[PDB]
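Chemist: Quick one: the structure is below, questions incoming.
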Amino acid sequence: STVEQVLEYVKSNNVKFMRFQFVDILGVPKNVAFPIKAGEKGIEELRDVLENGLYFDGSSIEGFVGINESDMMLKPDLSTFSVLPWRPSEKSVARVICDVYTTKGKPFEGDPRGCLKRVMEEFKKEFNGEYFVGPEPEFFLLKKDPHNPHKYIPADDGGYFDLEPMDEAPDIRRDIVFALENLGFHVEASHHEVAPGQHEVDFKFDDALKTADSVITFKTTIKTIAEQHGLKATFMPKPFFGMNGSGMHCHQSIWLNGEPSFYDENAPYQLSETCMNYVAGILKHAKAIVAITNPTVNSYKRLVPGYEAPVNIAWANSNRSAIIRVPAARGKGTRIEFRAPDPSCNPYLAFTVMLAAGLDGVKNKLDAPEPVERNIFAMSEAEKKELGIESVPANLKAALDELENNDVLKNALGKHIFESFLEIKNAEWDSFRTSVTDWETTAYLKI
Amino acid sequence: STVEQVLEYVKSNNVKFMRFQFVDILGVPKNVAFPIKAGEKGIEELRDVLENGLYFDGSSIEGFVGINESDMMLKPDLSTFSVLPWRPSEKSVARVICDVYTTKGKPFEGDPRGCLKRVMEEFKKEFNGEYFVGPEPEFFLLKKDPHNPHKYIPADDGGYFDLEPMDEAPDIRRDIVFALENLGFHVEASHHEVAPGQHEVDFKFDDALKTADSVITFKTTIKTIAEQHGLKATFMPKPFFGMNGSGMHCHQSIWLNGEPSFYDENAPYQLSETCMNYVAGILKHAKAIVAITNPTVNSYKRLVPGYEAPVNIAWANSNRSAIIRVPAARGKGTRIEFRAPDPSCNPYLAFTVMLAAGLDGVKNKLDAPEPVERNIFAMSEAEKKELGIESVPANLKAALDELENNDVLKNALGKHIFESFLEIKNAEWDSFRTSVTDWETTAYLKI
Amino acid sequence: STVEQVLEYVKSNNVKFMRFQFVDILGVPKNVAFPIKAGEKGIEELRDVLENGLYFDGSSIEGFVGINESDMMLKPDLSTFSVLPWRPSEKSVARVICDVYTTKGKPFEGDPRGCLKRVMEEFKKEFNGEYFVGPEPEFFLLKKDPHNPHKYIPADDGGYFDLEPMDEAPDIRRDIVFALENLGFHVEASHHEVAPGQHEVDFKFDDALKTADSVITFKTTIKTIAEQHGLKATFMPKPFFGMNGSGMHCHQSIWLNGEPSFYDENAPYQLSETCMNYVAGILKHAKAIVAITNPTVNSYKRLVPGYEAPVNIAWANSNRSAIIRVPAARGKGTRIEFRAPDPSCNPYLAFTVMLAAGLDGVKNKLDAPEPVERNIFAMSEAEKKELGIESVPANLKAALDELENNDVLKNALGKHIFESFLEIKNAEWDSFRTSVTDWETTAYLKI
Ligand SMILES: O=C(O)CCC(=O)C(=O)O
Ligand SMILES: O=C(O)CCC(=O)C(=O)O
Ligand SMILES: O=C(O)CCC(=O)C(=O)O
Ligand SMILES: [Mg+2]
Ligand SMILES: [Mg+2]
């Protein structure tokens, strides 16, 4: 957190490299290594670079600035210092997540991290609240197909919570948990998931900024540790058809004045009015939130309408068929689980749109619908239409049009992020709709 | 720096070999190893060879002397002593960069290192200045193509500043930085570059001679360490079509009387008249400087007119589309970035022509044009012609003809370097224009 | 020549398909097959399509019309009727070369065949002349490389005029000559040429239109018969480095009032003033004619300045070192051989520019230089500069700039052909200068 606490770690623990990490518009991490020199001269050089930051070409980063105005800076947040465990111990490598700033020393408008800081500071100023998030990012461990090395397949034919040798990843998950604990994570649980080769490593909830910094670090840690064990980890929302997809369920709650505002001992389901207003806001902008929280073309193969998925815009208690599920835990742990996201989204922008839509419901005091305790997959389309259970868009372009017409998310993301995201994703969608797919070749080459 | 300091290190550190290194006309390093014998007899033998120098066949070195007058000598610069880290630690190998001298003990006219010393001593005598340079030499890490071992491809599908495992070179860059630090380099930053398998390792600026000595050692260090990790590093300006090329942006500035002459607190853009006169001189001889700073046929595939490259002869503040870019840093760090060079050039001759053209503008007090803050790539050829933004030559022969007619660079390089360079490069160009290329076979074999 | 003569041959010889052939701007032949029906109804259908022609999409043809004005027509030239021998004999396939016409029934401006007809009709109207041409189009017979099937090599290690089995093409040349004789050719001689696998099949001279129609049919006849004998023929100007290239020497002469105007019994070298004026005109526009007669990038690897080639702009008697050679035959056979062309050029445009530059000399009565009887390759560059022997451009772009500034060839080709040719060839040149060649990879990957 303090300059001296970082410099004295570097002196005693023999740190040789400092990675200045950040994220592009799509949530891909980017960094530059700075070599620390020995003695006081090296520590005073590092002090200048930690306080004043360093320059970088912004035109090469996705969704940042043009070539004619490329000069940018990185101001390190010292409260995010950590030692990368996958790197060597002697002459160790360390990281410090930064905020992208303009040449004039002003926070960059198109920065995803600064976008989340802005909305959290605005929430803390207006309501004196703290936005807490706890995600469940699932992933797949892959190995080369023996019949064809150009394709990849799942690492094992394991099921949900299966034991070894059926589950061939206890050693891979073991090292992942050790690596995350060294990075400052409070790991809660680890196990095999429903689909073959699928796994899930959960971690404790925290404020949206610390949680988004943890999601970026979690994705790199899982990919780099898998390569050490000769495997390849992917956070693709649906790498294989006919089996479960990778989902990042976001358990969330807001605490006004250091108290659990979502809990109300004397109320229906022990849920406060603030909780219901927040849920109403998420359900209102649900068709627009999935553009950010599900930004890939493949996301709409897991989150597919008309088929078993968290596509139905409705809330329910202890029911995994609806888009929102209220876990049975009460008191401090009273929360809502937004099941629509997948680990392909930028966490900084995902928590921004969720907090903005949720706070829109709290500010206007919007009325939430009744909980659909029944299984929604077993219901017919005519029955769901009578109840008013709408579905999330069927494809990426359908979600981008909903995001474009939404003014609540446009203001939260800002003109720079909102317009660049739509422009990048429309070019990505155009590339998909023009390409001749393998499905088409299989179905129409015979005609 | 002195004879005794070198012999004191050689004695204690068990140095067993001394490489007498130098460079040919094209900037290719050349050296001869000397074994240091044990005891006082070995130290006194090494002493005699360090002061009086040693002989070598000059006819075999490129652009040096004929067979009928081949006897030459190497006078070591004792301050350039360094232990090669890629060589063993026990019975360590050391190097000493030398100045090529004639049999009569007079500095050789056709020596690139002596050419840079001459112009720097002339500048220090006339203006009491110090010419500082800080380059950014980019390179590619390659691996054999699995589909064909005779061809090479990039080591990874990484982008700008990408993180591991997408960036497969943190271990290669780690050892590069450690090796350069042992050689006396002040490494500033290291990261992955825009094109696949492309990387960039930056180092602190220094006087042109110490910087040119560092560029030669840097190129060898990067190539030798890559071979240790089973890869092959290349400083080719454009090894692959459709992706960024290797560029060596030269950040430079002159300090008259130990003061930053380029900075002026009370002036437009906080840039002095001396800075504008220097920029005017570079832009004047821009068509001739690219012959030396871009001496390969392949250089004009990266630095290609009509396409996105630093080809437009103009200057601008924080704009990477023009040939010169003035970084936003001010005070001591006030400088100009000549973006046209690539790491294929001889650094000793590149800094000589840049200082000569720049000083031609300072001596005559030439008027620089207005800065083109707009993106020059988006401009049309008719618009660029109205403004007067000329382009650098389209090929090697076009640049050699410009260098031949330029009298400012002819005098700085000297009759020996100027004529031998043109003769060697014209034979190189003739070999290219007569050879039947793979592009021609693909396009015209069908006709 | 008339509709009835063509329908009478079709009736008796059992012709089942009628190809309507023509050429694009680059000289590539293009055609559409029309199946002839049996009985009177089929002959009356064929009569209608022969008299009125047929429609086709002009936007798909190179250098013709845009997509918004694509409707075009083909008016058959009945004199160019011929039977394709390589096609089956029973239910034979006949061809008829056509003139491209606009929807309004007016000759198309951008038609290469109509361009040659226009200048020949203008010459016959103004001077009452007949432009005769007799080319020598050389070609290479290739076979797959046994060490690598992806590459091609020459069919045999034969030399000039060599005998079998050293010359492995007597059977291939035999069938070529039989096929050309059936198409109406007057074949003069056939033999093996200097380079390995290179051959030459000569044919009698005729008026420029009949000769250009023969060059197109010859190129197709050579390639189709080569594929029948398991080989691949190429008219590439220089498929391999270090061996002779394919050249199309154009023997030409003009006959005013049915008399050999180039011959003069009482004159120096027995050559008339009209011959000298014509030669002066070719030498004047020589730098611009090579843009059309040598339109490929590869053409400047055969026609390479500074090396043994017909690059020297000068004329001489029985000397193959100069651009023009006057063969020793006199009387009717008095002619000039323009040695610069290669079989990669469009014959219709090549004969147009040669006749236009030649007639420019006749109209203005330009003075020709003295004949250089000495070998020009043995001369030094300083000696050739004193005599005034200039050289043809070193590359495609250098020739396109000369063609652009030439007003004589601009008028002969017309605004449509002149501008489209320059536009197509500049895009072709830009593709070459941007591509990374195999020569560059071999020479610079090591640096
Ligand atoms: O497998 C896991 O989920 C954690 C590691 C573990 O339990 C083990 O090492 O056996
Ligand atoms: O990756 C770099 O640029 C330097 C090396 C490094 O940071 C590492 O060893 O992880
Ligand atoms: O080979 C030739 O040049 C023509 C054909 C021939 O003479 C032959 O059939 O042997
Ligand atoms: Mg010796
Ligand atoms: Mg830096």
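In the structure tokens, chains take letters A, B, ... by order of appearance, with residues numbered from 1 within each chain and ligands from 1 in the order shown.
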Using only C-alpha atoms and all ligand atoms, determine which residues fall within 8 Å of ligand 4, then list them as a short mmCIF file (atom, residue, chain, number, x, y, z; two decimals) with N, CA and C atoms, in the first residue's frame.

Modeler:
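Saved to pocket.cif:
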```cif
data_model
loop_
_atom_site.label_atom_id
_atom_site.label_comp_id
_atom_site.auth_asym_id
_atom_site.auth_seq_id
_atom_site.Cartn_x
_atom_site.Cartn_y
_atom_site.Cartn_z
N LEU B 54 47.61 -5.49 -31.61
CA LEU B 54 47.99 -6.67 -32.37
C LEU B 54 47.62 -6.54 -33.85
N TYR B 55 48.33 -7.28 -34.71
CA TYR B 55 48.16 -7.24 -36.16
C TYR B 55 47.05 -8.17 -36.66
N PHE B 56 46.54 -7.91 -37.87
CA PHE B 56 45.50 -8.74 -38.49
C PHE B 56 45.41 -8.47 -40.00
#
```

Chemist: What lies within 10 Å of residue A:10 using only C-alpha atoms, ignoring chain neighbours under 3 positions off, as a list in words?

Modeler: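 Neighbouring residues, sequence-local ones excluded: residues 4, 5, 6, 7, 13, 14, 15, 16, 17, 18, 36, 38, 43, 46, 91, 92, 93 and 94 of chain A.
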
Chemist: I want to know what sits within 7 Å of stretch 341-357 of chain C, based on only C-alpha atoms, with residues of the same chain fewer than 4 positions away left out; could you give that as a ChimeraX atom specification?

Modeler: /B:447 /C:26-27,112-113,116,119,137,208,212,215,235-237,246-249,281-282,285,289,292-295,361,408-409,412

Chemist: Pick out the chain C residues within 9 Å of chain B. Count only C-alpha atoms. Give them as a count of residues only.

Modeler: 39

Chemist: I need the strand (DSSP E) residues of stretch 53-259 of chain A per DSSP on the backbone, written as a PyMOL selection string.

Modeler: chain A and resi 54-57+71-83+92-102+131-145+148-154+187-192+198-203+206-207+232-234+248-254

Chemist: Any chance you could export the current selection's C-alpha atoms as a PDB file, in the first residue's frame?

Modeler:
```pdb
ATOM      1  CA  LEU A  54       6.140   5.055 -16.893  1.00  0.00           C
ATOM      2  CA  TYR A  55       5.209   5.756 -20.544  1.00  0.00           C
ATOM      3  CA  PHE A  56       3.901   3.323 -23.214  1.00  0.00           C
ATOM      4  CA  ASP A  57       2.478   3.237 -26.777  1.00  0.00           C
ATOM      5  CA  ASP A  71       1.719   8.859 -25.688  1.00  0.00           C
ATOM      6  CA  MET A  72       0.201   7.481 -22.403  1.00  0.00           C
ATOM      7  CA  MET A  73       1.278   6.597 -18.769  1.00  0.00           C
ATOM      8  CA  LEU A  74       0.727   3.913 -16.049  1.00  0.00           C
ATOM      9  CA  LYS A  75       0.239   5.071 -12.414  1.00  0.00           C
ATOM     10  CA  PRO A  76       0.820   1.993 -10.164  1.00  0.00           C
ATOM     11  CA  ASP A  77      -1.718   1.142  -7.419  1.00  0.00           C
ATOM     12  CA  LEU A  78       0.673   0.090  -4.632  1.00  0.00           C
ATOM     13  CA  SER A  79      -2.103  -1.740  -2.710  1.00  0.00           C
ATOM     14  CA  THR A  80      -2.007  -4.494  -5.475  1.00  0.00           C
ATOM     15  CA  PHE A  81       1.677  -5.572  -5.097  1.00  0.00           C
ATOM     16  CA  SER A  82       2.271  -9.353  -5.361  1.00  0.00           C
ATOM     17  CA  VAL A  83       4.975 -11.960  -6.123  1.00  0.00           C
ATOM     18  CA  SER A  92      12.006 -13.144  -8.002  1.00  0.00           C
ATOM     19  CA  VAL A  93       9.529 -11.376 -10.296  1.00  0.00           C
ATOM     20  CA  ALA A  94       6.822  -9.069  -8.841  1.00  0.00           C
ATOM     21  CA  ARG A  95       3.729  -7.224 -10.197  1.00  0.00           C
ATOM     22  CA  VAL A  96       1.874  -3.953  -9.517  1.00  0.00           C
ATOM     23  CA  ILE A  97      -1.511  -3.362 -11.250  1.00  0.00           C
ATOM     24  CA  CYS A  98      -1.750   0.209 -12.646  1.00  0.00           C
ATOM     25  CA  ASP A  99      -4.317   2.823 -13.721  1.00  0.00           C
ATOM     26  CA  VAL A 100      -3.883   4.116 -17.305  1.00  0.00           C
ATOM     27  CA  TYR A 101      -3.405   7.935 -17.311  1.00  0.00           C
ATOM     28  CA  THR A 102      -3.109  10.536 -20.112  1.00  0.00           C
ATOM     29  CA  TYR A 131     -20.054  -3.154  -3.630  1.00  0.00           C
ATOM     30  CA  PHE A 132     -18.957  -6.764  -2.873  1.00  0.00           C
ATOM     31  CA  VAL A 133     -18.529  -9.480  -5.584  1.00  0.00           C
ATOM     32  CA  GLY A 134     -17.540 -13.179  -5.394  1.00  0.00           C
ATOM     33  CA  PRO A 135     -17.307 -14.970  -8.772  1.00  0.00           C
ATOM     34  CA  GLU A 136     -17.072 -18.687  -9.673  1.00  0.00           C
ATOM     35  CA  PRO A 137     -14.946 -18.702 -12.889  1.00  0.00           C
ATOM     36  CA  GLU A 138     -14.995 -22.222 -14.405  1.00  0.00           C
ATOM     37  CA  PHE A 139     -12.346 -23.464 -16.894  1.00  0.00           C
ATOM     38  CA  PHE A 140     -11.378 -26.493 -19.047  1.00  0.00           C
ATOM     39  CA  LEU A 141      -8.052 -28.374 -18.937  1.00  0.00           C
ATOM     40  CA  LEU A 142      -7.189 -29.649 -22.439  1.00  0.00           C
ATOM     41  CA  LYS A 143      -4.764 -32.135 -24.050  1.00  0.00           C
ATOM     42  CA  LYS A 144      -3.929 -32.733 -27.750  1.00  0.00           C
ATOM     43  CA  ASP A 145      -6.214 -35.201 -29.562  1.00  0.00           C
ATOM     44  CA  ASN A 148      -5.154 -35.530 -34.664  1.00  0.00           C
ATOM     45  CA  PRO A 149      -2.569 -33.235 -32.888  1.00  0.00           C
ATOM     46  CA  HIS A 150      -4.032 -30.074 -34.497  1.00  0.00           C
ATOM     47  CA  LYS A 151      -7.256 -30.391 -32.373  1.00  0.00           C
ATOM     48  CA  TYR A 152      -7.705 -30.309 -28.556  1.00  0.00           C
ATOM     49  CA  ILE A 153      -9.930 -32.467 -26.277  1.00  0.00           C
ATOM     50  CA  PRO A 154     -10.754 -32.532 -22.494  1.00  0.00           C
ATOM     51  CA  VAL A 187      -9.271 -19.746  -1.733  1.00  0.00           C
ATOM     52  CA  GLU A 188     -12.582 -21.251  -0.505  1.00  0.00           C
ATOM     53  CA  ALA A 189     -12.963 -24.557  -2.453  1.00  0.00           C
ATOM     54  CA  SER A 190     -11.727 -26.521  -5.513  1.00  0.00           C
ATOM     55  CA  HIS A 191     -13.272 -29.494  -7.390  1.00  0.00           C
ATOM     56  CA  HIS A 192     -14.064 -31.124 -10.781  1.00  0.00           C
ATOM     57  CA  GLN A 198     -13.951 -28.973 -16.545  1.00  0.00           C
ATOM     58  CA  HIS A 199     -12.897 -27.581 -13.130  1.00  0.00           C
ATOM     59  CA  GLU A 200     -13.827 -24.772 -10.697  1.00  0.00           C
ATOM     60  CA  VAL A 201     -11.601 -22.975  -8.148  1.00  0.00           C
ATOM     61  CA  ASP A 202     -13.615 -20.615  -5.903  1.00  0.00           C
ATOM     62  CA  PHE A 203     -12.259 -17.704  -3.842  1.00  0.00           C
ATOM     63  CA  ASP A 206     -14.262  -8.721  -1.735  1.00  0.00           C
ATOM     64  CA  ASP A 207     -14.912  -5.132  -3.057  1.00  0.00           C
ATOM     65  CA  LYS A 232      -3.688 -26.057 -21.969  1.00  0.00           C
ATOM     66  CA  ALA A 233      -6.382 -24.263 -19.912  1.00  0.00           C
ATOM     67  CA  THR A 234      -9.199 -22.336 -21.678  1.00  0.00           C
ATOM     68  CA  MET A 248     -18.744 -17.239 -13.963  1.00  0.00           C
ATOM     69  CA  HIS A 249     -21.656 -16.880 -11.523  1.00  0.00           C
ATOM     70  CA  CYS A 250     -21.334 -13.462  -9.795  1.00  0.00           C
ATOM     71  CA  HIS A 251     -22.528 -13.556  -6.158  1.00  0.00           C
ATOM     72  CA  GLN A 252     -23.010  -9.873  -5.211  1.00  0.00           C
ATOM     73  CA  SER A 253     -24.339  -7.538  -2.473  1.00  0.00           C
ATOM     74  CA  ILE A 254     -24.130  -3.853  -1.361  1.00  0.00           C
TER      75      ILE A 254
END
```

Chemist: Identify, counting only C-alpha atoms and all ligand atoms, the protein, DNA and RNA residues located within 7 Å of ligand 1, and give them as a PyMOL selection string.

Modeler: chain A and resi 169-171+173-174+177+190-191

Chemist: Let me see the file: selected residues, N, CA and C atoms, as a tab-separated table (two decimals), in the first residue's frame.

Modeler:
```tsv
chain	number	residue	atom	x	y	z
A	169	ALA	N	-7.11	-34.24	-12.41
A	169	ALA	CA	-6.56	-32.92	-12.12
A	169	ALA	C	-6.33	-32.58	-10.63
A	170	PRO	N	-6.21	-33.52	-9.66
A	170	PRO	CA	-5.94	-33.09	-8.27
A	170	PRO	C	-4.57	-32.43	-8.13
A	171	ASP	N	-3.56	-32.89	-8.88
A	171	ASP	CA	-2.23	-32.30	-8.85
A	171	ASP	C	-2.22	-30.92	-9.49
A	173	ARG	N	-4.91	-28.83	-9.79
A	173	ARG	CA	-5.66	-27.95	-8.89
A	173	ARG	C	-4.86	-27.65	-7.61
A	174	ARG	N	-4.06	-28.61	-7.11
A	174	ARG	CA	-3.22	-28.43	-5.93
A	174	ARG	C	-2.27	-27.25	-6.12
A	177	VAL	N	-4.08	-23.78	-6.34
A	177	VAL	CA	-4.46	-23.25	-5.04
A	177	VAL	C	-3.24	-22.70	-4.29
A	190	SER	N	-12.18	-26.10	-4.19
A	190	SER	CA	-11.73	-26.52	-5.51
A	190	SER	C	-12.24	-27.93	-5.79
A	191	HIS	N	-12.69	-28.20	-7.03
A	191	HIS	CA	-13.27	-29.49	-7.39
A	191	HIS	C	-13.45	-29.65	-8.91
```

Chemist: In Å, how far is it from atom CA of residue A:47 to atom CA of residue A:118?

Modeler: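 Distance reported for this atom pair: 26.6 Å.
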
Chemist: Residues within 6 Å of stretch 309-325 of chain A, please, as an NGL selection string. Count only C-alpha atoms; anything in the same chain fewer than 5 positions from it doesn't count.

Modeler: :A and (303 or 336-340 or 371-373 or 376 or 389-392)

Chemist: For a test of reading the model, state the distance in Å between atom CA of residue A:146 and atom CA of residue A:166, rounded to one decimal.

Modeler: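 Between atom CA of residue A:146 and atom CA of residue A:166 the gap is 18.9 Å.
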
Chemist: Please run DSSP on the backbone and report, as a ChimeraX atom specification, all residues within stretch 322-355 of chain B that come out as helix (DSSP H, G or I).

Modeler: /B:331-333,347-355

Chemist: What's the 8 Å shell around residue B:400, counting only C-alpha atoms, without same-chain residues fewer than 4 positions away, as number ranges by chain?

Modeler: B: 288, 291, 396, 404, 422, 425-426

Chemist: Go through B:204, B:383, B:129, B:245 and flag the residue nearest ligand 5, using only C-alpha atoms and all ligand atoms for the distances.

Modeler: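 Comparing B:204, B:383, B:129, B:245 against ligand 5, the winner is B:204.
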
Chemist: I'd like the contact shell of residue B:364 - 12 Å cut-off, only C-alpha atoms, skipping same-chain residues fewer than 5 positions apart - returned as number ranges by chain.

Modeler: B: 274, 276-278, 280-281, 357-359

Chemist: Rounded to one decimal place, report the atom 9 (O, counted along the ligand's line) of ligand 2-atom CA of residue A:19 distance in Å.

Modeler: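 Computing it gives 9.4 Å between the two atoms.
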
Chemist: Within 6 Å of stretch 416-420 of chain B, counting only C-alpha atoms, which residues show up once you throw out same-chain ones fewer than 5 positions away? Write them as a list in words, please.

Modeler: residues 63, 110 and 410 of chain B

Chemist: How would the residues just picked look written out with N, CA and C atoms as an mmCIF file, in the first residue's frame?

Modeler:
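The resulting file, result27.cif, is shown below:
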```
data_model
loop_
_atom_site.group_PDB
_atom_site.id
_atom_site.type_symbol
_atom_site.label_atom_id
_atom_site.label_comp_id
_atom_site.auth_asym_id
_atom_site.auth_seq_id
_atom_site.Cartn_x
_atom_site.Cartn_y
_atom_site.Cartn_z
ATOM 1 N N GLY B 63 35.234 -3.910 -46.691
ATOM 2 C CA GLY B 63 35.402 -2.468 -46.819
ATOM 3 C C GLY B 63 36.593 -1.891 -46.085
ATOM 4 N N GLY B 110 39.102 4.165 -43.020
ATOM 5 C CA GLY B 110 37.927 3.334 -43.258
ATOM 6 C C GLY B 110 37.387 2.607 -42.041
ATOM 7 N N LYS B 410 29.044 12.786 -47.201
ATOM 8 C CA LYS B 410 30.283 12.329 -47.834
ATOM 9 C C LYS B 410 31.490 12.747 -46.986
#
```
